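Chemist: need the 3D shape of this:
(4 chains)
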4 protein chains.
Amino acid sequence: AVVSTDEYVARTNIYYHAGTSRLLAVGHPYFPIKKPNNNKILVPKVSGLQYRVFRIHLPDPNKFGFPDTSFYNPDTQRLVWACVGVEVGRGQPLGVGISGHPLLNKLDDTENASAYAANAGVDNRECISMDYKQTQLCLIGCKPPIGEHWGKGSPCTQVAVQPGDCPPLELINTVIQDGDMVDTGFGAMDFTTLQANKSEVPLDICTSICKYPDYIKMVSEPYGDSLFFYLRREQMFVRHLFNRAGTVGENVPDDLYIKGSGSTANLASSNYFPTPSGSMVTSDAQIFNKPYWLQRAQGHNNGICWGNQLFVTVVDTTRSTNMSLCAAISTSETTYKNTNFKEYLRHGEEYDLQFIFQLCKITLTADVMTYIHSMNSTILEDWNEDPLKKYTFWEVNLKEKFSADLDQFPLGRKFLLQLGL
Amino acid sequence: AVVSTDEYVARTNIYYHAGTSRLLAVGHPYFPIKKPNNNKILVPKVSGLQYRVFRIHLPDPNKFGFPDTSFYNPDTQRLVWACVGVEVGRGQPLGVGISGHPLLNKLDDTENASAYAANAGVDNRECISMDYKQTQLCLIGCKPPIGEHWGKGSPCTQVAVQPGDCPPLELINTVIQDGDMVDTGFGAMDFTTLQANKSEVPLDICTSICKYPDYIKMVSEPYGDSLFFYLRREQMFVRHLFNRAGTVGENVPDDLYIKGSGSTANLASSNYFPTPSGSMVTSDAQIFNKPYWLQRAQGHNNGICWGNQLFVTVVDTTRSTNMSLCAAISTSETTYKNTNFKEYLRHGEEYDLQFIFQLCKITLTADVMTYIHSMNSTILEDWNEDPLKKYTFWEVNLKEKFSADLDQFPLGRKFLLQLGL
Amino acid sequence: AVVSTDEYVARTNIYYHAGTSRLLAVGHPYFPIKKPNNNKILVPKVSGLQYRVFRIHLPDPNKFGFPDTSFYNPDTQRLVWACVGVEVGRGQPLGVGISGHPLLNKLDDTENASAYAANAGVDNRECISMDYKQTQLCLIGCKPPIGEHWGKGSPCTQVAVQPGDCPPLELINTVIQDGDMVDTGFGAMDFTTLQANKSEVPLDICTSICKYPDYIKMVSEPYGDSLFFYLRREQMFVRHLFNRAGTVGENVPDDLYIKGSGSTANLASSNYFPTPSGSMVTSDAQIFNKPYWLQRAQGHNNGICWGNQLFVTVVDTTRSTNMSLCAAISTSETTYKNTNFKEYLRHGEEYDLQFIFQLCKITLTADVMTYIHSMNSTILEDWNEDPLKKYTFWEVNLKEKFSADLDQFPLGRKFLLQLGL
Amino acid sequence: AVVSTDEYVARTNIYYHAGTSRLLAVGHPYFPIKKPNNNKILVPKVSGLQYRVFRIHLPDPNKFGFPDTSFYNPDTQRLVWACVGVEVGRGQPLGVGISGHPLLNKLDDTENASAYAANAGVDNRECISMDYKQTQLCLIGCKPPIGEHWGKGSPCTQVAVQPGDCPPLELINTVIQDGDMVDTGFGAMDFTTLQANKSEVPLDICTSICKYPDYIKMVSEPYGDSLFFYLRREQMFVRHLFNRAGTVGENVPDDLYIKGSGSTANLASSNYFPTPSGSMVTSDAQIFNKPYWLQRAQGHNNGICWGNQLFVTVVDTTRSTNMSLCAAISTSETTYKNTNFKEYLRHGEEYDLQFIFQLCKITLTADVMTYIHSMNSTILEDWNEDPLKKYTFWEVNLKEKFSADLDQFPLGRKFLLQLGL
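Modeler: Residues are numbered from 1 along each chain as shown, chains lettered A, B, ... in the order given. Next up is the structure itself:
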């Protein structure tokens, strides 16, 4: 049986504040800029539609140098940091981005037509953009976040997949890495392995995987380390209703309609797809720049940062403004020439993480050691190399950022005032 | 006279948690894919616009093996499960689907016209899609849910129905089965038997029946077993205003207008029909992933699961995103060709049902037996074959899912915290 | 260590009211009107999209002439004014402005296209306008406000910047001056040094810098003098989705799409940019014409107006109505002639600042003098020339506006009623 | 010094109810219909966009005949009516009007253009209408309401105004009169004297002055008689973005753009103007048909109706529906002919004012007489001709409408129930 951390974790009266200075990220909104002949990334892909997963490193409270050490017995017990307050600061002005594809697979406008559309020739793709669905979310835990998305399942050993056959689906759980893309209105799926077309969605998710937090799985988790707090806010509506060019993969059963003739003799593509639109963005609806007090967790792990680690996942599309900047090739002629200006696109993201940590002590009794051992053996082994080297996240080092004077910080002041004593 | 179950059903202090692992449904959004020559379903129709009716099977508390059995007398009484808490977990990201018809009966755009429309020739149908009306609902009871819809009533034995004559309507009560369709903006009617046209609405409801819960009837129900709790949320607005091609079934009385001339000599179809649109979908408006505490029922049956059965009906169009996946027939040519790619459509649904059950006891006195016998004789017969074999629902077996440690589950923790003791 | 002003600043019982008569500003909405041959400004640029930074001058409480002076010892202590109440009155009717450019860089409409767009020739610029994003904000402190914006960073000494090369970005902190522009939907950046084009955005921000308050930095500020109170309200949504003419600065990696042919042979500009739109403006959402009681500040400076100064920064786009007024060149002909009328544009802004100040005393002990000295040496030096002469703000002199009869003023009545005694 | 009326005005226990029967106003929405040769008004201009200023006449409580007169000494004191409750009843169904101009100065659509607009010829005016900005407001006081608007200021005696020169602006305070127009989305200005064009705005405000309540001034007012209570609700958004035909009054500084060529050689009008739109009207947002309890005024005059007068200003555009009614010239031909029907426009407004008055007494001591004398000498002079004969307003006589039985009226019952005793 699993038990609340309040059972075996003792709460001291010491609190520390810690914070990143001000994280900054600048890059291209749709894809990374690199040397053609090369593969080294010259400019990274930075979009408001990516997940930001921060791997927060905390100084080991056991190795730490406190002014007083009488509050506990380093022989019978050990120390762990407990996250009690978080403030995810965001810094650019609110705004909405926009993503498209120069060759998006869009046959005709099916929202309203005055006459039957022509006939699909070869390549009827159009240069089309859209404003993605709005999403605001923040996940906090001591384990990396887990997402779900649809990918190409493994086929059953029988009927030989005929080329062009529809690929099988399979919900795939994955670790949400920093830089991954958020569902933008086309659901959470692996577009690379599920759309050979390469033109079904805008460039920025075109050959990526849009993942969605698997909230159900993470909360089901027995110990609840992956996430002990979260805030989610997503909205979306249908801006346009389109048709997909290509060839019928699956024909419309004729018991569903009466054959046409002349123009309506040939059925138009009934492979419709809508264009998303996350409406207006607003201050009143902001989730960030507000402190979160992680006092009572719904999981058994009540904010204990085992491993002196802490994960903060964020997605904020309410500041997705992309800015176009163009430089003149020549500063002579007083006559505009599209030829004389090179147009580019860049997007900037501004973060500022702040935390309030409460020192905790664990008397290493037998039972406790048995439990903690089962739960996560590494805990004890580390007490008196990176297990997730495969994954990549925004590394954040706070070992030199802890301060006992909450007084001197904004999150700290808020905390004292909030907790009174 | 009927009486509250609180009268004859005793509440014990035992509570169990039960939950489905994670139900998953993948299929085509508009129609089932099957072998043309055959009739076996290869891929099922799975749309966010269908009703999901779960038939929950519970272990017979009388046959069940409790650690302690002193809490009741198996001689004078019997045991029944009472539903006290439900959590309908949903798992895909929020999003809106879209449905159409390659040959929708849409003459002209009547929302605004600059000149009198031409003249209906033969087949003026257009390839048109729309975003259905938004609907979120959840019905819980120990009897299957009942719906209403308009169908073709039986004609009066007189005036012989001239071919093409308008068919008579009749509100028809039916049992809502898993897979049925929800009103999408065209009301709750049987389109197959009321629209020979086969082109008045999109393919997905085109030859189906859109049913609406008959809330009035169910609540009037004397014992109130069909539904002891519900949540409904529906919204819709007019996106477009169209005309219907075809021939006047009923002419416009000439006392309602002044005859035209030339172009306006012939009256245009005044058989208007609007295109629905369930606006934006939002987190804040979610009905699911929230626990429902069924403490006081408005009906006489206060959540007692007679027959160790339990029905959970759901409709959620806030995650109706359909994903198009296309496979290339050839991976050679570096030049797009519509024909090289087979386009398809698939839609996935993710559920996770969780419940908290309270054991109850009934002392089988004379009066009690008379009452329960009148109410539903099978109750007693079963105490010391499927009556709804005709109907089909998502069968859910929980006989091996009950657990006394609410502590170990999310809905369980919530329940304990909520009910304090 | 920094400490709250409540520590060393004593609160007296004297309160004074002070207010501007009624500030008025009239000018051209997009640019200043001046003599061509000259440079003197004939008509200034006055837009609802500019920041209004008021430099409030207060009478030195030490030089002031109070009826009674027994309340303190002019030998051991000094006096400072503390801001306790503010009312930013606004006076024109609510309404929305509009800004554009006669030669805006807008290739084609990418929101929905029926056929592949033509081909960029020379200068495809269009005369386009838009309604900027709505913004309401009010910053108050005893130091000028600080903003952030993206500008052209300094290049690394290596690869000689090829002409037309994309310029490097750099977040630049600046002092927000009166007349500066607010992000309007294109983010906070320096369009002059980042867009050689001179046609990427409307005229009014076209050769300016749109700055955003750097709330993060100001609140981190140790003493918190720059801002001890603020209100922000911003909203925006995508009205249109466009394309940018010009030449590819950075090409679309070919691994993101399948080469086209014929018309789709050449990739259309995928340098998309959206048109902003701050929706409807409303009374219910007003921030102004409401009193703000600055009782508990989140910073250490609790509204103390060191230097007898006070800064009030405002931005209100909910009254951005521009009014066109045209004069006839001739009052004869009774036939309209566009040539007979000269069309112009003017915008008016109306303010009315009101404050409630509380007198305070500081006993100049050793420690106090050491602290205040470290904090801002000028404090003491001035006690028993302008350091921001470089910057420009709406100068407001209140030295002759203080009144001890709060009773006689609207903000004063409100204050008494609010604070009871 | 000014003092609250609570200081010198004594409150009795007598309360009277008074109300208009049901005021009704019918006329043409845009302009008055009169005899061409004549000047007499045959049909007045009645629009939902006009201010309604009611001059309420109350019976002199001193001349009044009360059943009992022991409650006061007619020798030492005098009597005044105090307004304690108001109910502005409105009676037509909610709806939105619409106003246009057959020759509105609208060059081209600048919201989105596919090619550079042609060239302004002679008179490019279009027949255009719009739905004005929504406004609901109610001002009450014992003095007429005061408004502000921009008009043509007096020129400086220097540079001789060249014909066509832009006219100088000047905020002008005026008395708001019954029938005056409300800002409709083009701000509060005098279009007659600021727009020679006569085609910048719809007919209904085209040669009128749109005034806005000068709330700032009125509340600053020392005694606060002009308004001791108010409710304002206004909203507006940009429907369309247009261009103004005419000739450049002020040219676009060339440092703001790069000269074009060919078509873009000549700059298109950058004198943009938006089309307003007060969105949807709703019951939930109604301000009227609700009682207002004027118990505590923010001004010093707490609802005392000096001069036995009372002003109720109202503006309600939530019932601006105009109804078109056309009569046939001939009732013969069964063929429609536009020439056979004369089309007209009419708009109706329905009011019903109700008040609850509290009798008050003032002992005429020395000090009191000095104060009241300074405040408004006429008070005393009238005690034991019209000063605003020049202005106009809906005259309302209530001298015969006072009733001591509040019980018998709806506002009366509400009052009793609200005030308990």
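
Chemist: how about residue A:375, secondary structure?
Modeler: The three-state assignment at residue A:375 reads helix, by DSSP: H, G, I helix; E, B strand; the rest coil.

Chemist: ok, it - contacts?
Modeler: Contacts for residue A:375 were tallied using C-beta atoms under 8 Å, 6 or more residues apart in numbering or on different chains; they are A:2, A:223. For every residue, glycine as well, the C-beta is placed using N, CA and C.

Chemist: 6 Å instead?
Modeler: Residues in contact with residue A:375 (C-beta atoms under 6 Å, 6 or more residues apart in numbering or on different chains) are residue A:223.

Chemist: ok, now residue A:147?
Modeler: So residue A:147 contacts A:174, A:176, A:211, A:212, A:213, A:214 (C-beta under 6 Å, 6+ apart).

Chemist: contacts for stretch A:296-310?
Modeler: So stretch A:296-310 is contacted by A:2, A:4-6, A:9, A:56, A:58, A:60, A:80-83, A:142, A:223-225, A:228, A:294, A:379 (C-beta under 6 Å, 6+ apart).

Chemist: show me what counts as buried in it.
Modeler: Across stretch A:296-310, burial judged by 16 or more other C-beta atoms under 10 Å in any protein chain shown covers A:297, A:299-310.

Chemist: quick one: end-to-end length of it, please.
Modeler: Using C-alpha to C-alpha, to the nearest Å, one end of stretch A:296-310 lies 17 Å from the other.

Chemist: can you give me the distance of residue A:257 to chain B?
Modeler: Separation of residue A:257 from chain B (C-beta to the nearest C-beta, to the nearest Å): 5 Å.

Chemist: picking that back up, columns neighbour count on top of the contacts of residue A:147, output as a markdown table?
Modeler: Output for these, formatted as a markdown table (neighbours: other C-beta atoms under 10 Å in any protein chain shown):
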| residue | neighbour count |
| --- | --- |
| A:174 | 17 |
| A:176 | 25 |
| A:211 | 26 |
| A:212 | 24 |
| A:213 | 26 |
| A:214 | 24 |
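
Chemist: quick one on the thing from earlier: generate a ChimeraX selection restricted to the buried subset of the contacts of stretch A:296-310.
Modeler: Under the burial definition 16+ other C-beta under 10 Å, those of the contacts of stretch A:296-310 that qualify are selected in ChimeraX by:
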select /A:2,4,5,9,56,58,60,80,81,82,83,142,223,224,225,228,294,379
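
Chemist: so of the contacts of stretch A:296-310, which ones are in strands?
Modeler: A:56, A:80, A:81, A:82, A:83 (DSSP state E).

Chemist: between which two of the residues you listed is the distance greatest?
Modeler: Taking C-beta to C-beta, the two most distant members of these are A:56 and A:80; they sit 14.2 Å apart.

Chemist: what sits against residue A:249?
Modeler: Neighbours of residue A:249 in contact, by C-beta under 6 Å, 6+ apart: A:166, B:342, B:343, B:344.

Chemist: the last one belongs to a strand, doesn't it?
Modeler: Yes. With three-state DSSP as the criterion, residue B:344 is assigned to a strand.

Chemist: what's the burial count for the closest residue to chain D within chain A?
Modeler: Per C-beta to the nearest C-beta, residue A:336 is where chain A lies closest to chain D, at 4.7 Å. Residue A:336 sits with 25 neighbouring residues when counted by other C-beta atoms under 10 Å in any protein chain shown.

Chemist: ok, now which ones touch it?
Modeler: Residues counted as contacts of residue A:336 (C-beta under 6 Å, 6+ apart) are C:123, D:258, D:260.

Chemist: could you redo the last one with a cut-off of 7 Å?
Modeler: The contact partners of residue A:336, taken as C-beta atoms under 7 Å, 6 or more residues apart in numbering or on different chains, are C:123, C:125, D:258, D:260.

Chemist: so which of the residues you listed is the most crowded?
Modeler: Within the contacts of residue A:336, neighbour counts (other C-beta under 10 Å) peak at residue C:125, which reaches 25 neighbours.

Chemist: what residues are up against that one?
Modeler: The contact partners of residue C:125, by C-beta under 7 Å, 6+ apart, come to A:336, C:103, C:104, C:105, C:106, C:199, C:245, D:260, D:264.

Chemist: going by distance to chain B, which of the residues you listed wins?
Modeler: Of all those, residue C:245 has the smallest distance to chain B: 24.7 Å, by C-beta to the nearest C-beta.

Chemist: checking my notes, that closest one in a strand, right?
Modeler: No. Assessed with three-state DSSP, residue C:245 is coil; it does not lie in a strand.

Chemist: count of neighbours near the nearest residue to it once chain neighbours are set aside?
Modeler: Counting by C-beta to C-beta, 6 or more residues apart in numbering or on different chains, residue C:107 is the residue found nearest to residue C:245 once chain neighbours are left out, at 4.2 Å. Using other C-beta under 10 Å, residue C:107 is surrounded by 24 other residues.

Chemist: and the gap between residue C:107 and residue B:255?
Modeler: Separation of residue C:107 from residue B:255 (C-beta to C-beta, to the nearest Å) stands at 56 Å.

Chemist: check residue A:293 too.
Modeler: Counting by C-beta to C-beta, the gap from residue A:293 to residue B:255 is 71 Å.

Chemist: figure out the helix or strand that residue A:370 lives in.
Modeler: Following DSSP states H and E, the helix or strand that holds residue A:370 is helix A:366-376.

Chemist: still on that earlier bit, right, and the residue nearest to residue C:245 touches residue C:243 too?
Modeler: Yes. Counting by C-beta atoms under 7 Å, residue C:107 does reach residue C:243; the two are 3.8 Å apart.

Chemist: which neighbours do those two have in common?
Modeler: Shared contacts of residue C:107 and residue C:243 (C-beta under 7 Å, 6+ apart): residue C:269.

Chemist: what does chain A put close to chain D?
Modeler: Proximity of chain A to chain D is confined to A:334, A:335, A:336 under the rule C-beta under 7 Å from any C-beta of the partner chain.

Chemist: number of nearby residues for the first one?
Modeler: Think residue A:334. Residue A:334 is flanked by 8 other residues according to other C-beta under 10 Å.

Chemist: my guess is it contacts residue D:259. True?
Modeler: Yes. Between residue A:334 and residue D:259 there is a contact at 5.3 Å, judged by C-beta under 7 Å.

Chemist: quick one: the nearest residue to residue A:153 once chain neighbours are set aside and chain C, what's the gap?
Modeler: Spatial nearest neighbour of residue A:153, chain neighbours left out: residue A:170 (3.1 Å); criterion: C-beta to C-beta, 6+ apart. Shown here: residue A:170 relative to chain C, a distance of 25 Å by C-beta to the nearest C-beta.

Chemist: my read is that residue A:170 contacts residue A:151, right?
Modeler: Yes. With contacts counted by C-beta under 7 Å, residue A:170 reaches residue A:151, the gap being 5.8 Å.

Chemist: more neighbours, the two?
Modeler: The neighbour comparison of residue A:170 against residue A:151 (other C-beta under 10 Å) goes to residue A:151, with 20 against 14.

Chemist: for stretch A:372-385, measure first residue to last.
Modeler: Across stretch A:372-385, first to last residue, C-alpha to C-alpha, it's 20 Å.
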